[PDB]
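J.: Just one file: query-v2.pdb, with PDB, C-alpha atoms (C1' of nucleotides).
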```pdb
ATOM      1  CA  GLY A 364      11.354 -10.397   7.541  1.00  0.00           C
ATOM      2  CA  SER A 365      10.240  -6.790   7.952  1.00  0.00           C
ATOM      3  CA  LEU A 366       8.084  -5.565   5.071  1.00  0.00           C
ATOM      4  CA  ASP A 367       4.516  -4.950   3.898  1.00  0.00           C
ATOM      5  CA  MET A 368       2.851  -7.860   5.685  1.00  0.00           C
ATOM      6  CA  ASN A 369       5.235  -7.464   8.610  1.00  0.00           C
ATOM      7  CA  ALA A 370       4.841  -3.712   8.259  1.00  0.00           C
ATOM      8  CA  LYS A 371       1.049  -3.386   8.368  1.00  0.00           C
ATOM      9  CA  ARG A 372       1.371  -5.756  11.314  1.00  0.00           C
ATOM     10  CA  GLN A 373       3.762  -3.384  13.080  1.00  0.00           C
ATOM     11  CA  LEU A 374       1.785  -0.231  12.361  1.00  0.00           C
ATOM     12  CA  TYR A 375      -1.664  -1.474  13.358  1.00  0.00           C
ATOM     13  CA  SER A 376      -0.919  -4.530  15.501  1.00  0.00           C
ATOM     14  CA  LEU A 377       2.092  -3.059  17.291  1.00  0.00           C
ATOM     15  CA  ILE A 378       1.061   0.615  17.223  1.00  0.00           C
ATOM     16  CA  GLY A 379      -2.548   0.557  16.066  1.00  0.00           C
ATOM     17  CA  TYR A 380      -4.555   1.822  19.031  1.00  0.00           C
ATOM     18  CA  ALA A 381      -7.613   4.072  19.243  1.00  0.00           C
ATOM     19  CA  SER A 382      -7.173   7.763  18.386  1.00  0.00           C
ATOM     20  CA  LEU A 383      -3.603   7.249  17.142  1.00  0.00           C
ATOM     21  CA  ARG A 384      -4.788   8.899  13.938  1.00  0.00           C
ATOM     22  CA  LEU A 385      -2.632   7.170  11.325  1.00  0.00           C
ATOM     23  CA  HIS A 386      -1.847   9.311   8.301  1.00  0.00           C
ATOM     24  CA  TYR A 387      -0.114   7.796   5.270  1.00  0.00           C
ATOM     25  CA  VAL A 388      -0.404  10.553   2.691  1.00  0.00           C
ATOM     26  CA  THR A 389       0.447   9.817  -0.924  1.00  0.00           C
ATOM     27  CA  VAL A 390       2.436  12.464  -2.766  1.00  0.00           C
ATOM     28  CA  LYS A 391       4.054  12.798  -6.184  1.00  0.00           C
ATOM     29  CA  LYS A 392       1.072  11.188  -7.981  1.00  0.00           C
ATOM     30  CA  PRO A 393       2.482   8.638 -10.483  1.00  0.00           C
ATOM     31  CA  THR A 394       2.471   9.099 -14.244  1.00  0.00           C
ATOM     32  CA  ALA A 395       3.153   7.245 -17.505  1.00  0.00           C
ATOM     33  CA  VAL A 396       6.332   9.304 -17.814  1.00  0.00           C
ATOM     34  CA  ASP A 397       7.546   8.758 -14.267  1.00  0.00           C
ATOM     35  CA  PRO A 398       5.328   6.436 -12.167  1.00  0.00           C
ATOM     36  CA  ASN A 399       7.633   7.019  -9.188  1.00  0.00           C
ATOM     37  CA  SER A 400       5.544   7.790  -6.108  1.00  0.00           C
ATOM     38  CA  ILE A 401       6.502   8.743  -2.557  1.00  0.00           C
ATOM     39  CA  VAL A 402       4.503   8.116   0.618  1.00  0.00           C
ATOM     40  CA  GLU A 403       4.324  10.158   3.821  1.00  0.00           C
ATOM     41  CA  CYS A 404       4.199   7.957   6.902  1.00  0.00           C
ATOM     42  CA  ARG A 405       2.726  10.410   9.384  1.00  0.00           C
ATOM     43  CA  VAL A 406       0.096  10.482  12.132  1.00  0.00           C
ATOM     44  CA  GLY A 407      -1.532  12.942  14.494  1.00  0.00           C
ATOM     45  CA  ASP A 408      -1.117  15.584  11.796  1.00  0.00           C
ATOM     46  CA  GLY A 409       2.349  16.308  13.160  1.00  0.00           C
ATOM     47  CA  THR A 410       4.197  12.991  13.386  1.00  0.00           C
ATOM     48  CA  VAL A 411       6.254  11.466  10.556  1.00  0.00           C
ATOM     49  CA  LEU A 412       7.273   7.859  11.182  1.00  0.00           C
ATOM     50  CA  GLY A 413       9.107   7.960   7.878  1.00  0.00           C
ATOM     51  CA  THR A 414       8.858   8.170   4.100  1.00  0.00           C
ATOM     52  CA  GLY A 415       9.076   5.907   1.069  1.00  0.00           C
ATOM     53  CA  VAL A 416       9.424   6.016  -2.709  1.00  0.00           C
ATOM     54  CA  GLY A 417       9.157   3.506  -5.547  1.00  0.00           C
ATOM     55  CA  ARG A 418       8.711   3.052  -9.304  1.00  0.00           C
ATOM     56  CA  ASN A 419       5.583   0.907  -9.016  1.00  0.00           C
ATOM     57  CA  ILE A 420       4.534   3.043  -6.035  1.00  0.00           C
ATOM     58  CA  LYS A 421       3.829  -0.075  -3.944  1.00  0.00           C
ATOM     59  CA  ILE A 422       7.511  -0.051  -2.939  1.00  0.00           C
ATOM     60  CA  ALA A 423       6.537   3.422  -1.854  1.00  0.00           C
ATOM     61  CA  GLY A 424       3.467   2.235  -0.002  1.00  0.00           C
ATOM     62  CA  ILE A 425       5.387  -0.619   1.560  1.00  0.00           C
ATOM     63  CA  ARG A 426       8.565   1.380   2.109  1.00  0.00           C
ATOM     64  CA  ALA A 427       6.163   3.692   3.933  1.00  0.00           C
ATOM     65  CA  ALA A 428       5.069   1.017   6.378  1.00  0.00           C
ATOM     66  CA  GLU A 429       8.619  -0.311   6.706  1.00  0.00           C
ATOM     67  CA  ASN A 430       9.459   3.314   7.444  1.00  0.00           C
ATOM     68  CA  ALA A 431       7.128   3.518  10.451  1.00  0.00           C
ATOM     69  CA  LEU A 432       8.473   0.295  11.965  1.00  0.00           C
ATOM     70  CA  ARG A 433      11.992   1.635  11.475  1.00  0.00           C
ATOM     71  CA  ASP A 434      11.795   3.923  14.510  1.00  0.00           C
ATOM     72  CA  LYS A 435      11.728   1.514  17.437  1.00  0.00           C
ATOM     73  CA  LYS A 436      12.366   4.421  19.799  1.00  0.00           C
ATOM     74  CA  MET A 437       9.286   6.071  18.293  1.00  0.00           C
ATOM     75  CA  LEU A 438       7.381   2.798  18.056  1.00  0.00           C
ATOM     76  CA  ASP A 439       7.886   1.815  21.688  1.00  0.00           C
ATOM     77  CA  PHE A 440       7.682   5.466  22.626  1.00  0.00           C
ATOM     78  CA  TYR A 441       4.090   5.219  21.448  1.00  0.00           C
ATOM     79  CA  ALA A 442       3.580   2.015  23.398  1.00  0.00           C
ATOM     80  CA  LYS A 443       4.071   3.892  26.654  1.00  0.00           C
ATOM     81  CA  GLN A 444       2.244   6.952  25.324  1.00  0.00           C
ATOM     82  CA  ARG A 445      -0.746   4.853  24.291  1.00  0.00           C
ATOM     83  CA  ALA A 446      -0.738   3.576  27.868  1.00  0.00           C
ATOM     84  CA  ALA A 447      -0.250   7.011  29.433  1.00  0.00           C
ATOM     85  CA  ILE A 448      -2.468   9.285  27.322  1.00  0.00           C
ATOM     86  CA  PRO A 449      -3.797  11.885  29.796  1.00  0.00           C
ATOM     87  CA  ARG A 450      -7.272  13.436  29.895  1.00  0.00           C
ATOM     88  CA  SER A 451      -8.729  16.209  27.735  1.00  0.00           C
ATOM     89  CA  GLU A 452      -7.686  14.930  24.305  1.00  0.00           C
ATOM     90  CA  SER A 453      -9.182  15.648  20.879  1.00  0.00           C
TER      91      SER A 453
ATOM     92  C1'   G B   1       4.506 -10.282 -27.521  1.00  0.00           C
ATOM     93  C1'   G B   2       6.669  -8.594 -22.226  1.00  0.00           C
ATOM     94  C1'   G B   3       6.079  -4.734 -18.342  1.00  0.00           C
ATOM     95  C1'   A B   4       4.234  -0.067 -15.522  1.00  0.00           C
ATOM     96  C1'   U B   5       0.799   3.661 -13.864  1.00  0.00           C
ATOM     97  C1'   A B   6      -4.235   5.009 -14.099  1.00  0.00           C
ATOM     98  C1'   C B   7      -9.935   5.061 -14.911  1.00  0.00           C
ATOM     99  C1'   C B   8     -14.787   2.112 -14.236  1.00  0.00           C
ATOM    100  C1'   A B   9     -16.021  -2.032 -11.681  1.00  0.00           C
ATOM    101  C1'   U B  10     -15.172  -6.560  -8.334  1.00  0.00           C
ATOM    102  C1'   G B  11     -12.653  -9.570  -5.315  1.00  0.00           C
ATOM    103  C1'   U B  12      -8.835 -12.209  -3.661  1.00  0.00           C
ATOM    104  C1'   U B  13      -4.376 -12.565  -1.207  1.00  0.00           C
ATOM    105  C1'   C B  14      -0.730 -11.935   2.018  1.00  0.00           C
ATOM    106  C1'   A B  15      -0.210 -13.563   6.658  1.00  0.00           C
ATOM    107  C1'   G B  16      -0.410 -17.068  10.290  1.00  0.00           C
ATOM    108  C1'   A B  17       0.802 -12.899  16.639  1.00  0.00           C
ATOM    109  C1'   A B  18      -1.893  -8.973  14.332  1.00  0.00           C
ATOM    110  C1'   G B  19      -4.041  -7.088  11.014  1.00  0.00           C
ATOM    111  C1'   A B  20      -3.083  -4.489   6.515  1.00  0.00           C
ATOM    112  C1'   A B  21      -3.398  -4.307   1.797  1.00  0.00           C
ATOM    113  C1'   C B  22      -2.848  -5.936  -2.796  1.00  0.00           C
ATOM    114  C1'   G B  23      -5.051  -8.578  -6.618  1.00  0.00           C
ATOM    115  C1'   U B  24      -8.362  -9.175 -10.896  1.00  0.00           C
ATOM    116  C1'   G B  25     -11.313  -7.926 -15.690  1.00  0.00           C
ATOM    117  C1'   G B  26     -11.040  -4.487 -19.661  1.00  0.00           C
ATOM    118  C1'   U B  27      -9.888   0.566 -22.171  1.00  0.00           C
ATOM    119  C1'   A B  28      -5.715   3.771 -22.548  1.00  0.00           C
ATOM    120  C1'   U B  29      -0.833   6.468 -22.164  1.00  0.00           C
ATOM    121  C1'   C B  30       3.871   5.338 -21.944  1.00  0.00           C
ATOM    122  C1'   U B  31       7.643   1.911 -22.549  1.00  0.00           C
ATOM    123  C1'   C B  32      10.483  -2.275 -24.087  1.00  0.00           C
TER     124        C B  32
END
```
Please re-express this file's structure in structure tokens.

T.:
Amino acid sequence: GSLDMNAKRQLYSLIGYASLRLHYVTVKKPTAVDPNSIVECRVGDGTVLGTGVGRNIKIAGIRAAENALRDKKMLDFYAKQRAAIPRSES
RNA sequence: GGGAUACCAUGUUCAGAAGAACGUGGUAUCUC
């Protein structure tokens, strides 16, 4: 299918190059009165592949990955980019 | 007695392209 295992595979394997600067930030810190946690699938400090939320947070973590592999246009877009990438980059 | 997050610690597992990440021991809060 297309989740967790398949996700991590997409992110790193499919779009896991050098300098990409992945950035899955965790927000909404879970609690014993509302575990619910949302993830921020972003990279480069200005790119959001998607977002995810879940009760046991994992669904949030996963949903996060599944979120990044949900934007083929963005995914592939990076493929080319990764290949292009000009000079003078930080 | 079931289940969920988390803390200290430790590792296994998913996969089976690739590699990521979750698990596990116990204390506790909540909850059923």

J.: Could you list, as a PyMOL selection string, every residue within 6 Å of segment 10-26 of chain B, counting only C-alpha atoms (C1' of nucleotides) and ignoring same-chain residues fewer than 4 positions away?

T.: chain A and resi 371-372+376

J.: Take the residues from that selection and put them in a file with C-alpha atoms, as a PDB file, in the frame of the given file.

T.:
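Final output, again19.pdb:
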```
ATOM      1  CA  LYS A 371       1.049  -3.386   8.368  1.00  0.00           C
ATOM      2  CA  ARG A 372       1.371  -5.756  11.314  1.00  0.00           C
ATOM      3  CA  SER A 376      -0.919  -4.530  15.501  1.00  0.00           C
TER       4      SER A 376
END
```

J.: Could you please give me, as a tab-separated table (two decimals) with C-alpha atoms, in the frame of the given file, the residues of protein, DNA or RNA lying at most 12 Å from (11.5, 9.0, 9.3) in the coordinate frame of the file, considering all atoms listed in the file?

T.:
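Contents of out22.tsv, as written:
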```tsv
chain	number	residue	atom	x	y	z
A	402	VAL	CA	4.50	8.12	0.62
A	403	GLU	CA	4.32	10.16	3.82
A	404	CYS	CA	4.20	7.96	6.90
A	405	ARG	CA	2.73	10.41	9.38
A	406	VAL	CA	0.10	10.48	12.13
A	410	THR	CA	4.20	12.99	13.39
A	411	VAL	CA	6.25	11.47	10.56
A	412	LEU	CA	7.27	7.86	11.18
A	413	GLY	CA	9.11	7.96	7.88
A	414	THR	CA	8.86	8.17	4.10
A	415	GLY	CA	9.08	5.91	1.07
A	426	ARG	CA	8.56	1.38	2.11
A	427	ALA	CA	6.16	3.69	3.93
A	428	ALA	CA	5.07	1.02	6.38
A	429	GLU	CA	8.62	-0.31	6.71
A	430	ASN	CA	9.46	3.31	7.44
A	431	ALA	CA	7.13	3.52	10.45
A	432	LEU	CA	8.47	0.30	11.96
A	433	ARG	CA	11.99	1.64	11.48
A	434	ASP	CA	11.80	3.92	14.51
A	435	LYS	CA	11.73	1.51	17.44
A	436	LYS	CA	12.37	4.42	19.80
A	437	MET	CA	9.29	6.07	18.29
A	438	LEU	CA	7.38	2.80	18.06
```

J.: So what do you get for atom CA of residue 400 of chain A versus atom CA of residue 365 of chain A, distance-wise?

T.: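 According to the coordinates, atom CA of residue 400 of chain A and atom CA of residue 365 of chain A are separated by 20.8 Å.
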
J.: In Å, rounded to a single decimal, give me how far atom CA of residue 445 of chain A is from atom CA of residue 378 of chain A.

T.: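 Taking atom CA of residue 378 of chain A as the start and atom CA of residue 445 of chain A as the end point, the length is 8.4 Å.
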
J.: Translate the PyMOL selection byres ((chain A) within 7 of (chain B)), as applied to the file shown, into an explicit residue set as number ranges by chain.

T.: A: 368, 371-372, 375-376, 393-396, 398, 419

J.: Using Å and a single decimal, report how far atom CA of residue 373 of chain A sits from atom CA of residue 447 of chain A.

T.: 19.8 Å

J.: Could you add the missing atoms to segment 381-412 of chain A, up to N, CA and C atoms, and return them as a PDB file, in the coordinates of the input?

T.:
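Final file, part24.pdb:
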```pdb
ATOM      1  N   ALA A 381      -6.481   3.205  19.543  1.00  0.00           N
ATOM      2  CA  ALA A 381      -7.613   4.072  19.243  1.00  0.00           C
ATOM      3  C   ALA A 381      -7.250   5.544  19.423  1.00  0.00           C
ATOM      4  N   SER A 382      -7.457   6.328  18.365  1.00  0.00           N
ATOM      5  CA  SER A 382      -7.173   7.763  18.386  1.00  0.00           C
ATOM      6  C   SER A 382      -5.778   8.079  17.848  1.00  0.00           C
ATOM      7  N   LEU A 383      -4.957   7.049  17.659  1.00  0.00           N
ATOM      8  CA  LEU A 383      -3.603   7.249  17.142  1.00  0.00           C
ATOM      9  C   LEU A 383      -3.619   8.203  15.957  1.00  0.00           C
ATOM     10  N   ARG A 384      -4.630   8.050  15.111  1.00  0.00           N
ATOM     11  CA  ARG A 384      -4.788   8.899  13.938  1.00  0.00           C
ATOM     12  C   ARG A 384      -3.681   8.666  12.912  1.00  0.00           C
ATOM     13  N   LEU A 385      -3.629   7.468  12.337  1.00  0.00           N
ATOM     14  CA  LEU A 385      -2.632   7.170  11.325  1.00  0.00           C
ATOM     15  C   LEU A 385      -2.796   8.153  10.180  1.00  0.00           C
ATOM     16  N   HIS A 386      -1.751   8.356   9.400  1.00  0.00           N
ATOM     17  CA  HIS A 386      -1.847   9.311   8.301  1.00  0.00           C
ATOM     18  C   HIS A 386      -0.817   9.102   7.191  1.00  0.00           C
ATOM     19  N   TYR A 387      -1.001   8.053   6.397  1.00  0.00           N
ATOM     20  CA  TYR A 387      -0.114   7.796   5.270  1.00  0.00           C
ATOM     21  C   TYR A 387      -0.594   8.554   4.047  1.00  0.00           C
ATOM     22  N   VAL A 388      -0.024   9.727   3.830  1.00  0.00           N
ATOM     23  CA  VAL A 388      -0.404  10.553   2.691  1.00  0.00           C
ATOM     24  C   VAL A 388       0.428  10.210   1.467  1.00  0.00           C
ATOM     25  N   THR A 389      -0.233  10.126   0.323  1.00  0.00           N
ATOM     26  CA  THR A 389       0.447   9.817  -0.924  1.00  0.00           C
ATOM     27  C   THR A 389       0.752  11.099  -1.684  1.00  0.00           C
ATOM     28  N   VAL A 390       2.015  11.274  -2.046  1.00  0.00           N
ATOM     29  CA  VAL A 390       2.436  12.464  -2.766  1.00  0.00           C
ATOM     30  C   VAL A 390       3.299  12.112  -3.970  1.00  0.00           C
ATOM     31  N   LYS A 391       3.276  12.988  -4.970  1.00  0.00           N
ATOM     32  CA  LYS A 391       4.054  12.798  -6.184  1.00  0.00           C
ATOM     33  C   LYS A 391       3.289  11.969  -7.213  1.00  0.00           C
ATOM     34  N   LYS A 392       1.957  11.942  -7.078  1.00  0.00           N
ATOM     35  CA  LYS A 392       1.072  11.188  -7.981  1.00  0.00           C
ATOM     36  C   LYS A 392       1.827  10.633  -9.189  1.00  0.00           C
ATOM     37  N   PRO A 393       1.784   9.305  -9.379  1.00  0.00           N
ATOM     38  CA  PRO A 393       2.482   8.638 -10.483  1.00  0.00           C
ATOM     39  C   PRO A 393       1.985   9.060 -11.857  1.00  0.00           C
ATOM     40  N   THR A 394       2.799   8.765 -12.861  1.00  0.00           N
ATOM     41  CA  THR A 394       2.471   9.099 -14.244  1.00  0.00           C
ATOM     42  C   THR A 394       3.081   8.092 -15.218  1.00  0.00           C
ATOM     43  N   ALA A 395       2.647   8.151 -16.478  1.00  0.00           N
ATOM     44  CA  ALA A 395       3.153   7.245 -17.505  1.00  0.00           C
ATOM     45  C   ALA A 395       4.493   7.727 -18.052  1.00  0.00           C
ATOM     46  N   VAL A 396       5.044   8.757 -17.422  1.00  0.00           N
ATOM     47  CA  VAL A 396       6.332   9.304 -17.814  1.00  0.00           C
ATOM     48  C   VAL A 396       7.232   9.415 -16.594  1.00  0.00           C
ATOM     49  N   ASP A 397       6.808   8.758 -15.520  1.00  0.00           N
ATOM     50  CA  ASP A 397       7.546   8.758 -14.267  1.00  0.00           C
ATOM     51  C   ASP A 397       6.651   8.283 -13.123  1.00  0.00           C
ATOM     52  N   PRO A 398       6.189   7.024 -13.194  1.00  0.00           N
ATOM     53  CA  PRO A 398       5.328   6.436 -12.167  1.00  0.00           C
ATOM     54  C   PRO A 398       5.744   6.857 -10.764  1.00  0.00           C
ATOM     55  N   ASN A 399       7.029   6.678 -10.482  1.00  0.00           N
ATOM     56  CA  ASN A 399       7.633   7.019  -9.188  1.00  0.00           C
ATOM     57  C   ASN A 399       6.661   7.750  -8.268  1.00  0.00           C
ATOM     58  N   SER A 400       6.448   7.194  -7.081  1.00  0.00           N
ATOM     59  CA  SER A 400       5.544   7.790  -6.108  1.00  0.00           C
ATOM     60  C   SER A 400       6.115   7.667  -4.700  1.00  0.00           C
ATOM     61  N   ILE A 401       5.993   8.735  -3.918  1.00  0.00           N
ATOM     62  CA  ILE A 401       6.502   8.743  -2.557  1.00  0.00           C
ATOM     63  C   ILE A 401       5.366   8.851  -1.544  1.00  0.00           C
ATOM     64  N   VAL A 402       5.509   8.132  -0.435  1.00  0.00           N
ATOM     65  CA  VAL A 402       4.503   8.116   0.618  1.00  0.00           C
ATOM     66  C   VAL A 402       4.977   8.881   1.848  1.00  0.00           C
ATOM     67  N   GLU A 403       4.019   9.418   2.603  1.00  0.00           N
ATOM     68  CA  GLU A 403       4.324  10.158   3.821  1.00  0.00           C
ATOM     69  C   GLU A 403       3.757   9.433   5.031  1.00  0.00           C
ATOM     70  N   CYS A 404       4.614   8.689   5.715  1.00  0.00           N
ATOM     71  CA  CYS A 404       4.199   7.957   6.902  1.00  0.00           C
ATOM     72  C   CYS A 404       4.114   8.913   8.079  1.00  0.00           C
ATOM     73  N   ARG A 405       2.926   9.467   8.298  1.00  0.00           N
ATOM     74  CA  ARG A 405       2.726  10.410   9.384  1.00  0.00           C
ATOM     75  C   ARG A 405       1.396  10.174  10.092  1.00  0.00           C
ATOM     76  N   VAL A 406       1.307  10.630  11.337  1.00  0.00           N
ATOM     77  CA  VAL A 406       0.096  10.482  12.132  1.00  0.00           C
ATOM     78  C   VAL A 406      -0.057  11.643  13.105  1.00  0.00           C
ATOM     79  N   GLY A 407      -1.281  11.865  13.561  1.00  0.00           N
ATOM     80  CA  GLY A 407      -1.532  12.942  14.494  1.00  0.00           C
ATOM     81  C   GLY A 407      -1.483  14.310  13.840  1.00  0.00           C
ATOM     82  N   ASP A 408      -1.190  14.335  12.542  1.00  0.00           N
ATOM     83  CA  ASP A 408      -1.117  15.584  11.796  1.00  0.00           C
ATOM     84  C   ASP A 408       0.180  16.331  12.095  1.00  0.00           C
ATOM     85  N   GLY A 409       1.083  15.681  12.824  1.00  0.00           N
ATOM     86  CA  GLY A 409       2.349  16.308  13.160  1.00  0.00           C
ATOM     87  C   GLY A 409       3.435  15.302  13.502  1.00  0.00           C
ATOM     88  N   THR A 410       3.226  14.047  13.114  1.00  0.00           N
ATOM     89  CA  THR A 410       4.197  12.991  13.386  1.00  0.00           C
ATOM     90  C   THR A 410       4.536  12.220  12.115  1.00  0.00           C
ATOM     91  N   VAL A 411       5.816  12.183  11.754  1.00  0.00           N
ATOM     92  CA  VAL A 411       6.254  11.466  10.556  1.00  0.00           C
ATOM     93  C   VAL A 411       7.116  10.266  10.929  1.00  0.00           C
ATOM     94  N   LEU A 412       6.536   9.072  10.857  1.00  0.00           N
ATOM     95  CA  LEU A 412       7.273   7.859  11.182  1.00  0.00           C
ATOM     96  C   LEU A 412       8.354   7.612  10.143  1.00  0.00           C
TER      97      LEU A 412
END
```
